Amino acid sequence: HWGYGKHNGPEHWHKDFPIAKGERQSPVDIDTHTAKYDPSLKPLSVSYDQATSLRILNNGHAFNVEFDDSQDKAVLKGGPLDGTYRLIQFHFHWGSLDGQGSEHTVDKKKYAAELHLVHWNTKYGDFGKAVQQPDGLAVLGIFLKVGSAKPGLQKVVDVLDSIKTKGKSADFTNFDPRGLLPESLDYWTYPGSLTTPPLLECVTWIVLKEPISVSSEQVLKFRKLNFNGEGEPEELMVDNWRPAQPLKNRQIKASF
Ligand SMILES: CCN[C@H]1CN(CCOCC)S(=O)(=O)c2sc(S(N)(=O)=O)cc21
Ligand SMILES: [Hg+2]
Ligand SMILES: [Zn+2]
């Protein structure tokens with residue numbers, strides 16, 4: 001079934017998820033010169049102080065850190081959003097080399113990886129309902145460049161040993177996701193989709209302008225995970241990123 005390999009990669013997904021060819025597919029290239037500065041855009045409000053992480057999991061596609069989304073603990077509001085969106089999980093997409101890995105590109109520049117903090121609109125009751133809605137999800141996207149070490153990422157890097165193969169999970173309580181945020185919360189926003197199957201066109205994408213840097217040692221560790229389950233032939237989990245999609249009559253708005 002789907003993946004990122006020659007035989008089941010992005011170029012094939014349309015055969016089972018026809019929406020892959022739709023009107024607001026993600027990721028896209030942010031062309032800085034034609035993005036419209038919008039002054040009606042409010043600041044983001046990220047309230048991650050009371051977030052409760054529970055578990056990290058290798059799901060065969062990436063590793064996800066999941067959060068308890070039963071009460072308004074970590075929420076995103078403001079920006080292009082109306083309403084409150086709950087953090088349910090975060091994951092990354094990364095490359096096999098440092099000059100690729102981001103899904104979204106900025107003027108065709110690709111970053112080493114990209115963090116997605118997935119949120120769902122609480123007005124819809126539960127996550128599974130939010131994914132049937134045009135404005136059901138908001139994903140906060142953060143570019144990562146190789147440079148200095150990010151202190152708050154180390155905690156995630158250490159556990160990766162425990163979850164090397166598909167289907168393994170480790171408990172991962174008390175992680176503060178605030179340690180993954182940049183200094184500036186300036187962003188670009190546009191309406192788009194999930195970048196993995198089922199490729200649903202449910203998302204307001206908030207892509208922050210400022211990257212976080214991680215060391216090559218940290219993102220190296222990402223590259224040692226496996227797409228395979230235990231006892232299957234080993235395939236290193238790298239390049240789990242979808243290429244940019246045509247913007248097809250959408251306008252990327254900028255808060256700056
Ligand atoms: C491996 C599948 N990843 C999916 C899993 N999604 C659930 C989809 O099915 C709901 C019925 S999700 O909302 O958690 C989600 S957000 C992103 S991304 N890259 O666009 O930030 C991918 C995915
Ligand atoms: Hg949708
Ligand atoms: Zn993602």
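Numbering starts at 1 and runs along the sequence shown.
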**Student:** By side chain to side chain donor-acceptor pair (under 3.5 Å), which residues pair with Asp31, not counting sequence neighbours?
**Tutor:**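 With neighbours one apart ignored, the set is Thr34.
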
**Student:** Would you name the heavy atoms of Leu208 and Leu185 that are closest together and state the gap between them?
**Tutor:**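 Nearest heavy atoms, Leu208 then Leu185: CD2-O, 3.9 Å.
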
**Student:** If you compare all heavy atoms of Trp188 against all heavy atoms of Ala254, which two are closest, and at what distance to 0.1 Å?
**Tutor:**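 Residues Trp188 and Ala254, closest heavy atoms: CD1-CB, 3.7 Å.
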
**Student:** With hydrophobic residues grouped by side-chain heavy-atom distances under 4.5 Å, do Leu160 and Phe227 end up in a single group?
**Tutor:**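 Yes.
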
**Student:** With the 4.5 Å side-chain cut-off for hydrophobic clustering, are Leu57 and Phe172 part of the same group?
**Tutor:**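 Different clusters: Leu57 never reaches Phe172 through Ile, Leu, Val, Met, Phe, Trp or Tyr contacts under 4.5 Å.
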
**Student:** Find the distance between CD1 (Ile212) and CG (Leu181) and round it off to the nearest 0.5 Å.
**Tutor:**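 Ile212 CD1 to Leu181 CG: 8.0 Å, rounded to 0.5 Å.
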
**Student:** Taking NZ in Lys108 as the centre, count heavy atoms belonging to other residues, nucleotides or ligands within less than 6.0 Å. Is the count above 12?
**Tutor:**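 12 or below, so no.
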
**Student:** Is there a donor-acceptor contact under 3.5 Å from the side chain of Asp135 to the main chain of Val203?
**Tutor:**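 No; judged by distance alone, with no hydrogens or angles, the pair does not exist.
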
**Student:** Rounded to the nearest 0.5 Å, what separation is found between the CG atom of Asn121 and the NZ atom of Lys129?
**Tutor:**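 The CG atom of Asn121 sits 13.5 Å away from the NZ atom of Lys129.
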
**Student:** Measure the spacing between CD of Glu234 and NZ of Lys224 and express it to the nearest 0.5 Å.
**Tutor:**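 Reported value, rounded in 0.5 Å steps: 11.5 Å.
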
**Student:** Apply side chain to side chain contact (heavy atoms under 4.5 Å, CB included) to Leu200 and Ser193, showing your working.
**Tutor:** CA-CA 5 Å; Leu200 308 175; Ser193 68; over 6 Å; no

**Student:** Just by modelled atom types, is the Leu236 backbone N or O under 3.5 Å from a matching donor or acceptor in the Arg223 side chain?
**Tutor:**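 Pair absent, no side-chain N/O of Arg223 close to backbone of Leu236.
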
**Student:** Testing the 3.5 Å rule here: is there a donor-acceptor pair between the side chains of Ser47 and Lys73?
**Tutor:**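 No - no donor-acceptor pair under 3.5 Å links their side chains.
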
**Student:** Which residue, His116, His104, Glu114, forms the side chain to side chain donor-acceptor pair (under 3.5 Å) with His93?
**Tutor:**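 Single pass found, and it is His116.
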
**Student:** Under a 3.5 Å distance rule, please check whether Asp186 uses its side chain to pair with a backbone N or O of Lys209 as donor and acceptor.
**Tutor:**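 Pair absent, no side-chain N/O of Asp186 close to backbone of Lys209.
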
**Student:** Any heavy-atom pair between the side chains of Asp72 and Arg86 that's under 4.5 Å?
**Tutor:**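 Yes, close enough: below the 4.5 Å cut-off.
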
**Student:** Counting neighbours of NZ on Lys110 that are heavy atoms of other residues, nucleotides or ligands and sit closer than 6.0 Å, is the number greater than 12?
**Tutor:**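 Counting neighbours around NZ of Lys110, 12 or fewer heavy atoms of other residues, nucleotides or ligands fall under 6.0 Å, so no.
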
**Student:** For the side chain of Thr122 and the backbone of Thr84, is there at least one donor-acceptor N/O pair under 3.5 Å apart?
**Tutor:**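 Pair found, side chain donor or acceptor close to backbone of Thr84.
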
**Student:** Just checking, any donor-acceptor pair under 3.5 angstrom between side chains of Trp120 and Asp69?
**Tutor:**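 Looking only at side-chain atoms, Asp69 and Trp120 do form a donor-acceptor pair, the distance falling under 3.5 Å.
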
**Student:** In sequence, state the C-alpha distance, the side-chain angles, and the governing distance for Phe63 and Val156, and then conclude on side chain to side chain contact (heavy atoms under 4.5 Å, CB included).
**Tutor:** CA-CA 10 Å; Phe63 58 94; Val156 178; 3.5 Å; yes

**Student:** Decide yes or no for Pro27 and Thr105: does some side-chain heavy atom of the first lie under 4.5 Å from some side-chain heavy atom of the second?
**Tutor:**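 They are not in contact (no side-chain heavy atoms under 4.5 Å apart), so the answer is no.
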
**Student:** Kindly indicate, with the supporting measurements, whether the criterion side-chain hydrogen bond (donor to acceptor under 3.5 Å, both in side chains) is fulfilled by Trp241 and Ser102.
**Tutor:** CA-CA 7 Å; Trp241 53 266; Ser102 62; over 6 Å; no

**Student:** Please confirm whether the backbone N or O of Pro243 pairs with a side-chain atom of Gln245, one donor and one acceptor, at under 3.5 Å?
**Tutor:**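 Yes: the side chain of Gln245 pairs with the backbone of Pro243.
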
**Student:** Starting from the C-alpha separation in whole Å, work towards a yes-or-no answer on side chain to side chain contact (heavy atoms under 4.5 Å, CB included) for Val238 and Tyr4.
**Tutor:** CA-CA 9 Å; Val238 287; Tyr4 299 95; over 6 Å; no

**Student:** Can you confirm whether the side chains of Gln25 and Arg242 place a donor and an acceptor under 3.5 Å from each other?
**Tutor:**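 A pair is found: one side chain offers a donor N or O, the other an acceptor, under 3.5 Å apart.
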
**Student:** Within a 6.0 Å radius of atom NZ on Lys109, are there more than 12 heavy atoms belonging to other residues, nucleotides or ligands?
**Tutor:**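 Counting other residues, nucleotides and ligands, NZ of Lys109 stays at 12 neighbours or fewer.
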
**Student:** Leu137 pairs by side chain to side chain contact (heavy atoms under 4.5 Å, CB included) with which of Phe127, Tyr85, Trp205?
**Tutor:**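 Of the listed residues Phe127, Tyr85, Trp205, the side chain to side chain contact (heavy atoms under 4.5 Å, CB included) partner of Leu137 is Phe127.
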
**Student:** Please say whether more than 12 non-hydrogen atoms of neighbouring residues, nucleotides or ligands are located less than 6.0 Å from CG in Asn174.
**Tutor:**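 Check fails, neighbour count at 12 or below.
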
**Student:** Are the side chain of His12 and the backbone N or O of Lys6 linked by a donor-acceptor pair below 3.5 Å?
**Tutor:**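 Here the side-chain-to-backbone pair exists.
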
**Student:** Report the residues that fulfil ring-ring contact (aromatic ring centres under 6.0 Å, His included) with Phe143, sequence neighbours left out, ordered by chain and then residue number.
**Tutor:**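 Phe143 satisfies ring-ring contact (aromatic ring centres under 6.0 Å, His included) with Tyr111 only.
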
**Student:** Report, as yes or no, whether the 6.0 Å neighbourhood of atom CG on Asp171 holds more than 12 heavy atoms from other residues, nucleotides or ligands.
**Tutor:**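 Count not over threshold, so no.
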
**Student:** Find out whether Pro191 and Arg250 are in side-chain contact, i.e. whether some heavy atom of one side chain is under 4.5 Å from a heavy atom of the other.
**Tutor:**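 Yes - at least one pair of side-chain heavy atoms lies under 4.5 Å apart.
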
**Student:** In terms of hydrophobic clusters joined by side-chain contacts under 4.5 Å, are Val106 and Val139 together?
**Tutor:**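 Same hydrophobic cluster.
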
**Student:** Are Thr52 and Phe175 side-chain neighbours, meaning at least one heavy-atom pair lies under 4.5 Å?
**Tutor:**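 Of all side-chain heavy-atom pairs linking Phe175 with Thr52, none is under 4.5 Å.
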
**Student:** Rounded to the nearest 0.5 Å, what separation is found between the OH atom of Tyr187 and the CG atom of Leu44?
**Tutor:**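 Here the rounded value is 5.5 Å.
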
**Student:** Answer whether the closest heavy-atom distance between the side chains of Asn58 and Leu225 falls below 4.5 Å.
**Tutor:**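 Yes, side chains in contact.
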
**Student:** For the residue pair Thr165 / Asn226, report whether a side-chain donor-acceptor contact shorter than 3.5 Å exists.
**Tutor:**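 No, because no side-chain N or O of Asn226 sits under 3.5 Å from a partner of the opposite role on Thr165.
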
**Student:** For a quick test of reading the model, state the closest non-hydrogen atom pair linking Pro211 to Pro182 and the distance between them.
**Tutor:**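 For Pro211 and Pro182, the tightest heavy-atom pair comes out as O-CB, 4.1 Å.
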
**Student:** What is the distance from atom CD1 of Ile206 to atom CG of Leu76, rounded to the nearest 0.5 Å?
**Tutor:**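 With rounding to 0.5 Å, CD1 (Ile206) is 5.0 Å from CG (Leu76).
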
**Student:** Does atom CG (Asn8) have a neighbourhood of more than 12 heavy atoms from anything else shown, all under 6.0 Å?
**Tutor:**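 It does: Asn8 CG has more than 12 such atoms within range.
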
**Student:** Is a donor on one side and an acceptor on the other found under 3.5 Å between the side chain of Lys77 and the backbone of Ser45?
**Tutor:**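 Side chain of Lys77 to backbone of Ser45, a donor-acceptor pair under 3.5 Å: yes, one is there.
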
**Student:** With a sphere of 6.0 Å drawn around CD of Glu230, does it hold more than 12 non-hydrogen atoms of other residues, nucleotides or ligands?
**Tutor:**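 Not more than 12 within 6.0 Å, no.
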
**Student:** Can any side-chain N or O of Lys150 pair as donor or acceptor with the backbone N or O of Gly179 at less than 3.5 Å?
**Tutor:**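 A pair under 3.5 Å: yes.
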
**Student:** Under the side chain to side chain donor-acceptor pair (under 3.5 Å) rule, collect the residues that match up with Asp107, sequence neighbours excluded.
**Tutor:**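 Only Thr32 meet the side chain to side chain donor-acceptor pair (under 3.5 Å) criterion with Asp107.
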
**Student:** Is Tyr124 linked to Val75 within one hydrophobic cluster, defined over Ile, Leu, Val, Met, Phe, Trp and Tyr using a side-chain heavy-atom separation of less than 4.5 Å?
**Tutor:**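 Looking at the clustering, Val75 is in a separate group from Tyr124.
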
**Student:** Applying side chain to side chain contact (heavy atoms under 4.5 Å, CB included) to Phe90 and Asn64, what does each step give before you reach the verdict?
**Tutor:** CA-CA 6 Å; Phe90 76 66; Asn64 302 143; over 6 Å; no

**Student:** Quick check against the 3.5 Å criterion: does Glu210 have a side-chain atom that pairs as donor or acceptor with the backbone of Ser184?
**Tutor:**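 A pair under 3.5 Å: yes.
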
**Student:** Please give me the minimum heavy-atom distance between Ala170 and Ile163, naming the atom from each residue.
**Tutor:**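 So the minimum-distance heavy-atom pair works out to N-CG2, 3.7 Å.
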
**Student:** To the nearest 0.5 angstrom, please state how far the CG atom of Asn249 sits from the CZ atom of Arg24.
**Tutor:**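 Atom-to-atom, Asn249:CG and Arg24:CZ are 13.5 Å apart.
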
**Student:** What is the minimum heavy-atom distance between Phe222 and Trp94, and which atoms define it?
**Tutor:**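 Heavy atoms only, the tightest pair is O-CZ2, 3.5 Å.
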
**Student:** Are the side chains of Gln218 and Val157 in touch, meaning some heavy atoms are under 4.5 Å apart?
**Tutor:**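 Touching, per the 4.5 Å side-chain cut-off.
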
**Student:** Are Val146 and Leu144 grouped together when hydrophobic residues (ILVMFWY) are joined by side-chain heavy atoms under 4.5 angstrom apart?
**Tutor:**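 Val146 and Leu144: one cluster.
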
**Student:** Hey, does the side chain of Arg55 reach the backbone of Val65 with a donor-acceptor pair shorter than 3.5 angstrom?
**Tutor:**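 Not confirmed, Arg55 side chain does not pair with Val65 backbone.
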
